[PDB]
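Listed next as structure tokens is one chain, alone, in the form deposited in one PDB entry.
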């Protein structure tokens, strides 16, 4: 039994591993290790391919999705794994396992500013900060920033800067560009805290740090086909790997704080 796995490159969840010339691509990372653990415990083989458009996928027309979600809908893949958050729109068309890691949004910024919280960022006048335009993060801040029911003004202030002039002034086209702009200075990039944490830990110049928050609204999941017979099985083993600590060990492996950049060097 061999399962067809679709993925998208994103450090440190899924990364290209060294392969000999003339031999097929290999992959490594936190999500690969989770997948391997499931394959060993459940006893299956798998083969990986990258989404032809490199996209997680969104809806274009009724039933028309691109990206990895589209690959599952058309049943070209049995499952998708990368850094995919569990959302209701995606769960209505495919079937997610229970989460194997929590997701939240963080801030990547150069070390040495007085900014230490999301509230501090929101108080900034004239400072450029933002996220990937037309992303889920963008839409999250839209919803929180236009809702009169928020207890703290923090979200309205952040959205005013992020969305300025339609999101064209302060947002970027990709996480790699956002990471690159934050390292150069005079910009703070809002994105997956796990993604920017790894970028900060491996920064050639150890020049950046990450601000997180207590607000975790979603989990990372494995996406399977609609009606897949394996979804509940994956959920059960994922709960077991969490409870034994195997997941925490893998997280420590791929987000190692010793031997890498000190994110708290300005304290």
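Take the two forms, superpose them, and find the largest set of C-alpha atoms that agree within 1.5 Å; that set is the rigid core. Positions refer to the first chain, counted from 1.
Trainee: Got a sec? Mean C-alpha B-factor, which is higher, 184 to 192 or 159 to 167?
Mentor: Going by the record's values, the stretch with the higher mean is 159 to 167.
Trainee: What stretch has the higher average Cα B-factor here, 175 to 183 or 143 to 151?
Mentor: Comparing 175 to 183 with 143 to 151, the higher average CA B-factor belongs to 143 to 151.
Trainee: In this PDB entry, which of 75, 90, 98, 116 has the top CA B-factor?
Mentor: Largest recorded C-alpha B-factor: 75.
Trainee: Determine which member of 58, 231, 226, 218 has the highest CA B-factor, using the values in the deposited entry.
Mentor: Among 58, 231, 226, 218, the highest C-alpha B-factor in the entry belongs to 58.
Trainee: How does residue 203 rank on Cα B-factor within its chain, lowest, middle or highest third?
Mentor: Answer is lowest: the recorded C-alpha B-factor places it there.
Trainee: In terms of the chain's CA B-factor thirds, is residue 259 lowest, middle or highest?
Mentor: It falls in the top third of the chain.
Trainee: Split into thirds by Cα B-factor across the chain's modelled residues, where does residue 71 land: lowest, middle or highest?
Mentor: For residue 71, whose C-alpha B-factor we compare with every modelled residue in the chain, the answer is the highest third.
Trainee: Thinking about Cα B factors across the chain, which third does residue 44 belong to?
Mentor: According to the entry, residue 44 has a C-alpha B-factor in the chain's highest third.
Trainee: What third of its chain, lowest, middle or highest, does the C-alpha temperature factor of residue 126 fall into?
Mentor: Highest third, going by the recorded CA B-factors of the chain.
Beyond the structure shown, there is the form deposited in another entry, which is absent from this document and is the topic of what follows.
Trainee: After fitting the rigid core, is the C-alpha of residue 23 off by 2 Å or more between this form and the one not shown?
Mentor: Where the cores coincide, residue 23 still shows a C-alpha shift between this form and the one not shown that is 2 Å or more.
Trainee: Kindly check if the Cα atom of residue 259 is displaced 2 angstroms or more between this form and the one not shown relative to the superposed rigid core.
Mentor: It does, since the residue 259 C-alpha is displaced 2 Å or more between this form and the one not shown after the core fit.
Trainee: Once you account for a change of 3 Å or more, let me know if residue 101 and residue 259 sit closer or farther in the other form, using their C-alpha atoms.
Mentor: Here the pair is farther apart than in the other form; there, closer.
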